[PDB]
Structures are given as structure tokens and as C-alpha cells.
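Spelled out from the first residue to the last, the chains are:
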Amino acid sequence: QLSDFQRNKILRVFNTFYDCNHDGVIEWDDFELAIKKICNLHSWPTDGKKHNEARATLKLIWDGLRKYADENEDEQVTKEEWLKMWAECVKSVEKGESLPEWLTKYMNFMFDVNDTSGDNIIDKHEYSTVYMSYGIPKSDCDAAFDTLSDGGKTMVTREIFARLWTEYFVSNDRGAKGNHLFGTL
Ligand SMILES: [Ca+2]
Ligand SMILES: [Ca+2]
Ligand SMILES: [Gd]
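A short tour of the structure in this document, coming up.

1. Here's the deal with the pattern of salt bridges
Opposite charge on two side chains allows them to pair when their charged atoms are near.
Stage number 1. Under the definition given, this model contains six salt bridges.
Stage number 2. A salt bridge links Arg-55 to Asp-47, with the shortest nitrogen-to-oxygen separation between them at 3.6 Å.
Stage number 3. According to the relative accessible area criterion, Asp-47 is exposed, its value standing at 55%.
Stage number 4. Among the salt bridges present, the one from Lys-124 reaches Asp-146, with a minimum N-O distance of 2.9 Å. Placement of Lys-124 in helix α6 (residues 124-133) and of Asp-146 in helix α8 (residues 143-149) is noted, with a sequence separation of 22 residues between them.
Stage number 5. Here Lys-124 falls in the partly exposed class, since its relative accessible area comes to 22%.
Stage number 6. Judged by its relative accessible area of 38%, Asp-146 is partly exposed.

Encoded structure:
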């Protein structure tokens, strides 16, 4: 139903980007730690514009995740419920059926987190800043970003990041360039 290459890809985003308190289950608590994190890193005025965008955007993502994975409606999402969902999404993308709104919010949230500069491109400096903070070493944020940017001849616009994003979550092709989007496997 789901190859290990995809499973393993799919749990990294869980254990490394969602379970921000490292307790086995995604819940809103994890989203607060993340909000705090990005708030600080990018030095946002604590209740100003970006911080509040980030918080009301992550309320939607939780609510989306909540609604599309929480089988028992217990306000927490286990890896089982997390894989169980992502399988549907893979079918979905493969079978044409596009992703639910909250996915496109998460996807673009990650982009906007990176693109502090505002120019709708992610230069290398922006990529290393974010993903190092997540505890990926710098010999990867630099390693991977060259896989993602093809040496730097390709600008990494919002569209490019979407393609890469997609390949990360659903491509079973263990040679696909987007498989390095969250670092190196
Ligand atoms: Ca649950
Ligand atoms: Ca930029
Ligand atoms: Gd958690």
C-alpha cells in the first residue's frame, strides 16, 4: 500500500517537523513550540504581523490535519493515523485527485518560512537558516540544496518548490531530486 521509501520519507516530516516535542503524537502543543521557534529565528515582533499570520495559518493546518487523520477524534495524531492518511494522498496525487486545502497551506507555509527575503525565491542562505534550526547539520542544508537547485543554475521559485515538495511526499523514484528537500536520506 505504501513503499518503505515513502513511509520513511513520510515519518521524517513527522518526527522532525511535526512532533516538535518528540512524544510520538502530533497535537496542537507541537504547533506552539514551532510557532515559538520560527518567531525567534526570524526575530518577529511577538504579536505583530508575521507572528500572527504564522499562528492563524498553523491553526488551519492543525485543523486540516485534525480533520484528515485523527480517526478517533482525540485531538492527537499518531504515526499510524499519519501513515494511514498519507497513503490516501499518494493515491490521490497519482490518481489525479488533488490535495485538500490544508496541504497547500502547509506546503506554502514552509516556503514562506524559508523566503524571509520576500523575493519569492529561496537562495541558499534562506534554506540553511531554516533547516539547520530544525537540527539538520550544515553538511546537508548545503549538500541537499545543490541537489535541489542543480548547482544554482535553477532559481527555486514557489512553483519549483511545489514540484520538489510533491516528489518528496509521493515519488517512489528513489532518484527523484525532491527526495532531498528535507535533507539527505
Ligand atoms: Ca488519534
Ligand atoms: Ca528569498
Ligand atoms: Gd507532539
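Having seen it, we continue.
2. Some remarks on the environment of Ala-176
Stage number 1. Secondary-structure assignment places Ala-176 in the segment after α9 (158-170).
Stage number 2. We classify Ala-176 as buried; its relative accessible area is 12%.
Stage number 3. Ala-176 sits 72 residues away from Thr-104 along the chain, and the two C-alpha atoms are 21 Å apart.
Stage number 4. Those residues within four positions of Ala-176 in sequence are excluded, and the remaining contacts are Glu-167 and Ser-171.

3. Description of unusual backbone geometry
Stage number 1. We note that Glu-73 has phi near 50°; this positive angle belongs to a residue other than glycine.
Stage number 2. Even without a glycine there, the phi angle at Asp-150 is positive, about 40°.
Stage number 3. Positionally, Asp-150 belongs in the loop between α8 and α9.

4. Topic: the coordination of the calcium ion (ligand 1)
Stage number 1. Taken together, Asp-70 (OD), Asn-72 (OD1), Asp-74 (OD), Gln-76 (O), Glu-81 (OE) and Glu-81 (OE) make up the protein donors of the calcium ion (ligand 1), found 2.3 to 2.4 Å from the metal.
Stage number 2. Given six donor atoms and angles of 55 to 158° at the metal, the environment of the calcium ion (ligand 1) is assigned as irregular.
Stage number 3. Coordination of the calcium ion (ligand 1) draws on donor residues from a single chain, spaced D-x1-N-x1-D-x1-Q-x4-E in sequence.
Stage number 4. We classify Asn-72 as partly exposed; its relative accessible area is 41%.

Rules of the game
Residues numbered from 1 in each chain as written, not as in the entry; some residues may be left out. Chains lettered and ligands numbered in written order. Heavy atoms only, no water. Salt bridge = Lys/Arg side-chain N within 4 Å of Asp/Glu carboxyl O. Buried < 20%, exposed > 50% of the residue type's maximum accessible area, 1.4 Å probe, protein only. Helix = DSSP H or I, 4+ residues; strand = E, 2+ residues; numbered from the N terminus. Contact = heavy atoms within 4.5 Å. Donors = N, O, S within 2.8 Å, 3.2 Å for Na, K, Ca; no water. Tetrahedral: all angles 85-135°; square planar, octahedral: opposite > 155°, others 65-115°.

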